[PDB]
Structure formats: structure tokens, C-alpha cells
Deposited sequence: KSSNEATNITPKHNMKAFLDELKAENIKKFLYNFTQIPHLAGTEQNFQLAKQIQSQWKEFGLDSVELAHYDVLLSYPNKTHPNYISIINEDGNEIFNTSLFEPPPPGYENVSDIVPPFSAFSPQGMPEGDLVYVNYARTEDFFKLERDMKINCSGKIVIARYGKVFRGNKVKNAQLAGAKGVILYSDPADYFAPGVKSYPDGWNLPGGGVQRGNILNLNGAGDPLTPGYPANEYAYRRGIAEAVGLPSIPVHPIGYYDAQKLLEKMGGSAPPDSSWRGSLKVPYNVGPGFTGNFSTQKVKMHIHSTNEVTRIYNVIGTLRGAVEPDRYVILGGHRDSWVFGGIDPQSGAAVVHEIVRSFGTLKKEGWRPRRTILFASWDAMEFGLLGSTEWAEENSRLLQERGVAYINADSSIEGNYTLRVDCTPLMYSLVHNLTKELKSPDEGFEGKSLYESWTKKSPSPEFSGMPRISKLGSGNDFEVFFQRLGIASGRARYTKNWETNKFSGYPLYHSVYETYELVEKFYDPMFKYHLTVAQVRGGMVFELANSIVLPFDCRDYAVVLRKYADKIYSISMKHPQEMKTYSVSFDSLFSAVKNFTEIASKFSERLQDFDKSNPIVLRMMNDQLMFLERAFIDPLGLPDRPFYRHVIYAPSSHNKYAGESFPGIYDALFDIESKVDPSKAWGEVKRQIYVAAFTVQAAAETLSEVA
């Protein structure tokens, strides 16, 4: 039989292992020849695996690279201007790769050039609340200072934005062992911990969903008109560079000025964690000097797009996509995901060769330049936006398959909660102590829902991955799944040269059983979405979460009862819309289960109602000053791109409102956001009403 069981049984751990090894022997940095060669390889293999068509979609986008003959580094300088300490020019390469060419040294992609000299201020994680504490409570002024911040907690672009708005003239990012060194585990290559010479790469853009900085709204094709750099979206205005903790120790050890305000500001290095500004009395005349010479360059990138045409609804698209470009070897990020996608294509192709076709079209994507701002997925979606918004059923992401070996982690739209519960009940747990038990059972046990006994945790989609354009801009139901660590006990070698095949094979998943389980979850989800007669979405699950989010946003507002009285701030409209959504979704579910099952139009009709429900939460005017974040329920946090925020428009209107100079205007805007949210929820509910 050709059913989901046939598809799932065909997936093999050993194939994922072979593919991972194959994709991780050399660096695949976006815009390089090596990454074009791998694109062409994947194109060829997807054809052989049996897809109907496989094309490269290329774009010319702004990328960023260090100058090979003018290295980036940081110095301590004395009053003579002698550089008495210099940070490393590269990470010590791992065993057996000390002769690999074209390893890009650690840098912050899209940093401007500069050689700023100044006194250091230590800003903890450089979060919004960290700068509030510095400025408001401690009365420390970052204006004209170089800030040093530890990685962690929030996306690094938000740290740089926060540092900029505090008036910093430069940012040094470093990995603190408190955040990137698990107690009792050995450093690479003897364990999975970050060594002191390890450094996390990564872009520091604030794109807010725009894609290529030079072509917001439109694909960066051959005839594109590009903005000048001065008008580009999202570029930092101050120099930025990342370092490891050996180097960070040398910059922090001399820090004077104020003491850390409390213990949440101290990492694990043998230093005081003084906030500064500047060094202690003896070294008070030494300063920190950055040297950044990286250049921004328009460079060609290549997405691989494979199509498996649907037998019945060829004009309905289920998309499985993840990126291919890596900072260096990409042993976890992204090749642990890409190898899983490759094995999924191979399985689907096996069934197709035997005469099977999915009901709906499946599109498979190998995205480029994800590490430089989600550029490949975003430019392709800008090119194909009309096809995607009228035909896109769902998008399943496929970055790193593993970030630990403890349990499953799923982030998705509420529309997929039921699908995920049902699929995981069918799958075998790969976990020790759960042999012969379902993935649902092990997952629920290890990651209980905070709300419901007997169910597992499923999180909101945030951002920082290739689902962003599909979900937050276009309103296509999206989901992701991977294996994760026990958060009670990211990963230490994230975006370092040490992320290698050997890291995965030795320390994370020697038997490739977690990879296989993630292939089963991602592939199983795609199979159902592409093959179920009725789309496998449950609108009632959206109604439940909308009430939770309405309760939450109301509670935030109600911390200001006087102002709500003074400005007549009511949430009644939003609760009314949520109540209506609950009632209409209940009735729609009855019709879906009860409609005449022989009628394909009532079924195309009701499948269209299911497909366009996520779409209904899109506001074509976007959120304030963020035109490409259009989903009214979910946006990336304005304080942390990685985190999702619910009712983001109301949330941002309320954030720090007690500090606004004109409360009447501020609370007016809260009321405006309540109106927009209530309207959008009611409008989405009405898409599920009887159509005429």
C-alpha cells in the first residue's frame, strides 16, 4: 500500500548519516563557489530521487565578508597607542581540519567598517531591561562608550539595536561560559562544550522581515532597482565583533567603575563583572580599540526548488523548506536539517517511482543566505507571493534537526496542534526508557504542557528562521520540530568552527535515531498536509489560544487601572470577538465532520476556509513601522526576534507606557490596537461562517 506507513518506513537513519557526512566536509558559506556546487549537487540528486522538476532560483542580495588581507580584531591600547593585547584572528581549527581552506574567521555580518577607541561598559545581555537598569537605576551613560555584551537570552541584532540607541560607538559580543559551557562536560573535541577560543558568528541586522536590505518588497532579480546603502533596511551604524571567553577574560579583567547591580549580571569568568565605564585606577589610561574592515557586497545566492505535482489538487502547495548555507561546516546548523530533508525527498521519490502521487503538490526548498537574514526564503517568497497567498496550504521548516538529545520541541500555529498530537501518538519514541512507547508519551512526560495535564508543550512560532516570510508576512500556516535539550538541566558550539559531523556522530546522535524521529515528524506532517482529504487543521485550537492571549494582554493593561479608567480603555470588543470566534469555529467543525462527504465543492470550499483561516489574521497595513510583519496574532518580539509575541500591536503599545510623556496619546494608541485586534479576530471568525 502507498500510505503514510509506507512513506515513514522508507526513511533510514543510515541514509541521513551518509547525507550529513556528505554535506559537512567543506564550508558552505552563502555566496561562495562551494555553496553553489552543493546547490547543483542537491538539484541533481533531487531529480534522480524522482521529483517532477528541480530548478535553481537565484537572486543578487547584499552579503558581508571580512577582508582576507585586513583582519578584524580588538586591542587594548595604552596612552602611547601601543596595542598591548590583541584578540584572536581565527578559531583554532578542529582535529583533521587544520588544513581546510576558506574557513571564514569570526565576524559580525553587516558590521560597518571603523576603528573606534574608547572606554568599555559592560551591559550584561544587552536586553531592553539591561539598558533600563544601566540608564534608569544605575545612572550609567553609554554615550560614546564601547559596550561589551554577552551573547544569550535574545537575538544579537536586538542587542546591537539596543546598544546603538543607548549611544554606544561600538559593540563587542562574547560567549560567557555561564551561557555556553555546561558543567561537567568537556570542551570540543573531547565533549560538546565551547572551548575558550571558540566564537559564535552571526548577522546583526534588524530587518523586521524585509529580506535583502536593498530590495524590500520585491525580489532581487536581474533588473531590480536597489536602494543605496544609506537607505538600506536594517544595517547597524556602529562596528561590531564577536570573541571567545579567553579573549573576553582579557577585556573584562581590568573593568572598574560601578559593581554589577546583582548576581544575574555575573557570568562564570574569574572577573568582577564591573559595569565600568573604563578600567580600574592603575589601567585607567588604557582604552579599547576595535578594527573592523568587513565589506558589504551584492552577491548571487541560489535556492533549490523541487516540485512533486499533486494528483488531485496540483494548485495547492505544501512546502518543506530549510537552509543549506552555513557559517563553516554546518554540522548541526543547518546540515542536520538538510540531511533530513534529503532523506524525506528520497522517500517521497521512492513512492512516486512506484506510481504514487500526493493529493496536493509538495514543494521542497534548499534555501540560501539564511545566515545573512533569511534572504533566500524571503526573496523567493517575494517573487512568488501571489502564488503562495492563493495556493499555500502550509510551510514546514527544516533547519537543525537536533540541539540536544532529550525530547521533542515543536513550535507551530494552533491550526497544527491536533495534527502534531495525532502524528506523534503513531510514532515510536527513540528515547531510552521509552522503548515500545509512543513519541507522544515520551514527549508529554519530558515536556509537559504548562496548561493541560496529559498533553505536551507546543510553543508559538517566533522568528529568526525561514518560516518568517511565510507565516508573519504571508499568513501561511507554519510549523517546525526538532530534538532539544532538557531546559531544567541553545547549544554550546552554535555558529562556531567546531560544529562538525564529528560533533553530531560522537556526542549528539551516534545511532541517528533522533534524526530519524525528526524526519518522521517533519515528513509525517508534510505527508498528512499534502494527502489528507480534509486539511488536517483544527480551527477550535485557535479559539482556545486566542482566549489565553486576550487574558494575557488584558492582565498587562490592568497593571494600570487608573489610566484605563481615565482613558476609557476597554477590552470588551476583543473578548467579544474571541467569544464569536469560539462559537463560529465550533459550528464550522460540526459542518466539517457532518457535511456531505461525496461533494468535492463543499470539500474544496471547506478546505479553502481552512487554508485561508491563517491568512485572515494578516493585516495588509502591517504593524506600526514594521510593514512586513502583518500577522495580528503573532509577531517576532520587538525586544528579541527569536521569541514570539501574542497580540504584538497591543503589547508594544503597552510596553513601558508609564514612561511616555503624553499618556493621552499613548493610551489612545493602546485603544487603536485593541480595535485592530478585535476587528481582525472577528473578520477571521467570519471566514468560517457559512459562505452565503
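J.: Which deposited-sequence positions, grouped into ranges, are missing C-alpha coordinates?
T.: Missing C-alpha atoms (numbering from 1) occur across the ranges 1-11, 501-504.
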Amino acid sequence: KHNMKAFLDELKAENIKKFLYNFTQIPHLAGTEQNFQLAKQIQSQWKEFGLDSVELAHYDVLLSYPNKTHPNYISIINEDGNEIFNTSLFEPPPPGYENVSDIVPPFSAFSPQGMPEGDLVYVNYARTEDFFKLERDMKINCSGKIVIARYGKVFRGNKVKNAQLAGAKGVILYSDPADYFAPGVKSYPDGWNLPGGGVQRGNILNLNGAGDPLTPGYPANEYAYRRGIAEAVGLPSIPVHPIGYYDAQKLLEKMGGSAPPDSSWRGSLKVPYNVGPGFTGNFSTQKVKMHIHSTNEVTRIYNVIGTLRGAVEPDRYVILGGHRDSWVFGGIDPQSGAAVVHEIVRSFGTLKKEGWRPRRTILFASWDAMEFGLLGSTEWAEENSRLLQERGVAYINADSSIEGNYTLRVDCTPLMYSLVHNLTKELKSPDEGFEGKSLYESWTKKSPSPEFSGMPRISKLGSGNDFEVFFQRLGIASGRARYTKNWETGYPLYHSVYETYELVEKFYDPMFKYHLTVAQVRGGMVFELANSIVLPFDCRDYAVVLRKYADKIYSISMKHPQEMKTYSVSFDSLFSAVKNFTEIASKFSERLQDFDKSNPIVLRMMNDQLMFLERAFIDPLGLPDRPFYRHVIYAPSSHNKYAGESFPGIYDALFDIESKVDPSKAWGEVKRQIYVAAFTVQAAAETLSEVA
From here on, numbers count along this sequence of modelled residues.
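J.: Check whether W487 has no coordinates in at least a third of the other compared PDB entries of this protein, counting only entries that model residues on both sides of it.
T.: Yes, left without coordinates in at least a third.
J.: With respect to the recorded C-alpha B factors, which stretch has the higher mean value, 152-160 or 384-392?
T.: It is 152-160 that shows the higher mean C-alpha B-factor.
J.: Is the mean CA B factor in the deposited entry higher across 93-101 or across 74-82?
T.: Result: 74-82.
J.: By the entry's C-alpha temperature factors, tell me which of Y494, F527, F279, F471 sits highest.
T.: Comparing C-alpha B-factors across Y494, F527, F279, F471, the top value belongs to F279.
J.: For the C-alpha B-factor as written in the entry, point me to the maximum among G118, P314, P242, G622.
T.: The listed residue with the largest C-alpha B-factor is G118.
J.: Quick one: classify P195 as lowest, middle or highest third of the chain based on its Cα B-factor.
T.: Tercile = middle for this residue's CA B-factor.
J.: Consider only the C-alpha atoms of the modelled residues in this chain, order them by B-factor as the entry records it, and name the third containing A365: lowest, middle or highest.
T.: Tercile = lowest for this residue's CA B-factor.
J.: Could you place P663 in the lowest, middle or highest third of its chain by Cα temperature factor, using the values in the record?
T.: CA B-factor rank for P663: highest third.
J.: Lowest, middle or highest third: where is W356 by Cα B-factor in its chain?
T.: According to the entry, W356 has a C-alpha B-factor in the chain's highest third.
J.: Looking at the entry's B-factor column for C-alpha atoms only, identify whether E55 ranks in the lowest, middle or highest third of its chain.
T.: Answer is middle: the recorded C-alpha B-factor places it there.
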